[PDB]
Amino acid sequence: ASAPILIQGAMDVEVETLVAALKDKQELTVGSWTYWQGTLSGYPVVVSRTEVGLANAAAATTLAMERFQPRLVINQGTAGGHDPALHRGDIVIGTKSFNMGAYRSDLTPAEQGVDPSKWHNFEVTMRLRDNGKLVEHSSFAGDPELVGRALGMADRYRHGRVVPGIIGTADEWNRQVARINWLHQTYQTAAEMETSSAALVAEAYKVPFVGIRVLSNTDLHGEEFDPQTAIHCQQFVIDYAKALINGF
Amino acid sequence: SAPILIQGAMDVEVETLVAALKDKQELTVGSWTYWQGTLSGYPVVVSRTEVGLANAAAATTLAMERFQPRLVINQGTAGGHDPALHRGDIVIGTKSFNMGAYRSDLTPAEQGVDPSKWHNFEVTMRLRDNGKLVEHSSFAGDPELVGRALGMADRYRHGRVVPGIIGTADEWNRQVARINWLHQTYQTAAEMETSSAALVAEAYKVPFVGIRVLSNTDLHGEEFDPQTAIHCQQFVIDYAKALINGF
Ligand SMILES: CSC[C@H]1O[C@@H](n2cnc3c(N)ncnc32)[C@H](O)[C@@H]1O
Ligand SMILES: CSC[C@H]1O[C@@H](n2cnc3c(N)ncnc32)[C@H](O)[C@@H]1O
């Protein structure tokens with residue numbers, strides 16, 4: 001039996017198009033996490049609805065590893081823009097993802113108040129063990145061949161640009177524009193709740209991973225959430241997965 | 001014969017537990033090591049989770065799939081948020097929650113950044129049960145498990161054992177004003193894994209309790225003392241043995 005491609009999305013709107021594309025489906029739920037097992041172009045594919053945020057993403061990914069032993073993972077869905085060059089509908093291919101919500105601060109007394117510009121990325125949250133030995137990570141690189149394939153397919157996407165970028169994952173939805181700008185300037189983020197958590201689990205299991213995110217919103221351009229972007233992202237991802245399958 | 005699962009993030013938070021197990025067998029999958037043995041003749045699995053919300057959720061989910069535990073004790077060290085508490089005191093989690101989850105309202109760049117305006121973003125704790133959405137603003141420690149730990153308070157001789165609210169985040173805060181604000185806003189006793197492990201335990205409907213020793217608190221100038229992690233494990237061993245006596 002052939003090891004499946006695992007394709008993830010957090011919300012119903014981010015998976016319904018993927019699920020509709022599968023043939024010969026069955027649906028499995030364990031705990032809080034649902035999976036649809038079927039085929040695309042005759043090849044096994046599992047679609048996972050992860051639910052939202054880092055804990056949910058890590059659980060859903062781990063459970064998929066244990067149940068399905070996928071050959072690669074595509075985490076996809078929507079995101080908010082951090083780079084002013086990007087607009088709603090543009091797709092970011094994650095050259096890296098990282099836990100943007102991880103914060104450590106030096107000691108300051110009460111009289112100095114609160115200063116988030118002094119909250120630094122706390123890399124221990126991405127530290128893993130490999131065969132028992134500690135391995136530091138400041139980010140997780142998208143598998144570079146998977147990243148490159150998606151960039152090479154850019155002109156197959158009908159609804160915006162496809163760009164490489166850094167995906168900042170956090171249990172956050174930021175709409176303070178000064179904070180978005182600070183995160184972009186500090187971490188070079190393209191967009192901002194699951195990617196790096198799923199990536200962390202994929203790294204632990206040594207399974208190739210790529211994050212593919214459409215901007216559904218950006219407060220840098222007054223562009224409010226458009227759910228149709230989620231459908232467009234899934235269409236691109238289906239094309240992308242079919243191209244991988246043709247190569248298997 | 002379903003085991004008790006006992007978790008800690010760091011080596012210092014599990015090696016005392018591991019030393020207590022009889023007939024140990026070790027298993028490593030991905031980044032996560034488990035020791036399967038017995039305490040008082042009953043199956044116990046000790047899990048070294050690694051640090052933070054993603055690691056805790058992965059390690060807990062992996063344990064659910066591999067071992068099907070009957071209850072989960074998540075333990076380790078924490079930082080004080082309540083000025084009444086000192087290094088060495090143990091907090092039993094009446095509830096835990098994702099303190100690091102934030103949503104903010106739209107503000108233009110001219111208005112700057114104001115974390116006091118950020119709201120707790122509860123969607124990060126939302127689950128599905130038989131496919132249907134279930135909101136959570138926190139995860140209650142199993143109240144019988146909580147009560148048992150409080151009832152055993154006088155068996156711990158290195159501080160007080162108190163009920164409190166555990167704030168989980170991928171954060172180590174040392175801005176005292178931020179600690180104070182979080183305490184005032186969320187009533188936290190202490191502050192990187194508990195609510196994430198608790199979320200997975202809720203999804204699998206397995207009783208859960210968080211037990212955290214304060215290894216540090218910047219509210220009293222008390223810096224990290226690793227011996228607190230050993231003392232916490234000693235208490236947890238006693239606690240697990242009491243549960244086992246009752247099985
Ligand atoms: C309902 S919570 C938001 C969901 O959509 C994603 N998302 C879309 N836009 C944003 C944004 N601006 N900030 C954070 N998460 C976002 C998140 O990864 C999560 O799964
Ligand atoms: C090495 S990162 C800190 C580890 O110890 C815990 N911890 C101890 N003290 C604190 C603290 N003040 N703030 C956040 N996490 C703490 C965390 O849950 C994590 O596993």
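As the structure lists them, so they are numbered: ligands from 1, and atoms in each ligand from 1. A note on names: the letters A, B, ... follow the listed sequences, proteins ahead of strands, and every chain is numbered from 1.
With respect to atom 14 (C) of ligand 1, the closest heavy atom belonging to the protein is A:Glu172 O, 3.1 Å. If you check which protein heavy atom lies closest to atom 9 (N) of ligand 1, you get A:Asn217 ND2, 3.1 Å. Regarding atom 20 (O) of ligand 1, its nearest protein heavy-atom neighbour is A:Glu194 OE2, 2.7 Å. Of the protein's non-hydrogen atoms, the one nearest atom 10 (C) of ligand 1 is A:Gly80 N, 3.7 Å. Looking at atom 3 (C) of ligand 1, its nearest protein heavy atom turns out to be A:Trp173 CZ3, 3.5 Å. Atom 5 (O) of ligand 2 has its closest protein heavy atom at B:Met10 CE, 3.7 Å.
Look at B:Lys132 and B:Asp129 and you find no salt bridge, because none of the NZ, NE, NH1 or NH2 atoms lies under 4.0 Å from a carboxylate O. In summary, B:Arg128 and A:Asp12 engage in a salt bridge, as defined by a charged side-chain N under 4.0 Å from a carboxylate O. Salt-bridge check for B:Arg212 with B:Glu193: passed, with a basic side-chain N closer than 4.0 Å to an acidic carboxylate O. A:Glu224 and A:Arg175 are joined by a salt bridge, as a carboxylate oxygen and a charged side-chain nitrogen come within less than 4.0 angstrom of each other.
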Passes ring pair (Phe, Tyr, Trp, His ring centres under 6.0 Å), A:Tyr187 versus A:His184? Steps please. CA-CA 5 Å; A:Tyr187 300 119; A:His184 177 63; over 10 Å; no

Worked check of side chain to side chain contact (heavy atoms under 4.5 Å, CB included) between A:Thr78 and A:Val214: CA-CA 5 Å; A:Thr78 72; A:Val214 65; 3.8 Å; yes

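An N or O contact shorter than 3.5 Å links B:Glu191 to ligand 2 by distance.
Aromatic ring pairs are classed by plane angle as parallel below 30°, tilted from 30° to 60° and perpendicular above 60°; the pair B:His231 and B:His158 is parallel.
Of the options A:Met11, A:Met193, A:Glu51, a side-chain contact (heavy atoms from CB on, under 4.5 Å) to B:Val123 is made by A:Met193 and by none of the others.
Proximity to A:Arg213 (heavy-atom distance under 4.0 Å) selects the following atoms of ligand 1: 18 (O). Every atom of ligand 1 is numbered from 1 in the order shown, and the set under 4.0 Å from a heavy atom of A:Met193 is 2 (S), 3 (C), 14 (C), 15 (N), 17 (C), 18 (O), 19 (C). For ligand 2 and B:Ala9, the ligand atoms under 4.0 Å from any heavy atom of the residue are 20 (O).
Residue-level proximity to ligand 2 for B:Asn173 is absent, since no heavy atom of it falls below 4.0 angstrom. Contacts of B:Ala78 with ligand 2, taken as heavy-atom pairs under 4.0 Å, involve the backbone alone.
Ligand 2 lies out of reach of B:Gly76, whose nearest heavy atom is not under 4.0 Å from it.
For A:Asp115 (side chain) and A:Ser117 (main-chain N/O), a donor-acceptor pair under 3.5 Å exists by modelled atom type.
The residue from B:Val213, B:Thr77, B:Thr217, B:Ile179 that puts a heavy atom closest to atom 6 (C) of ligand 2 is B:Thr77.
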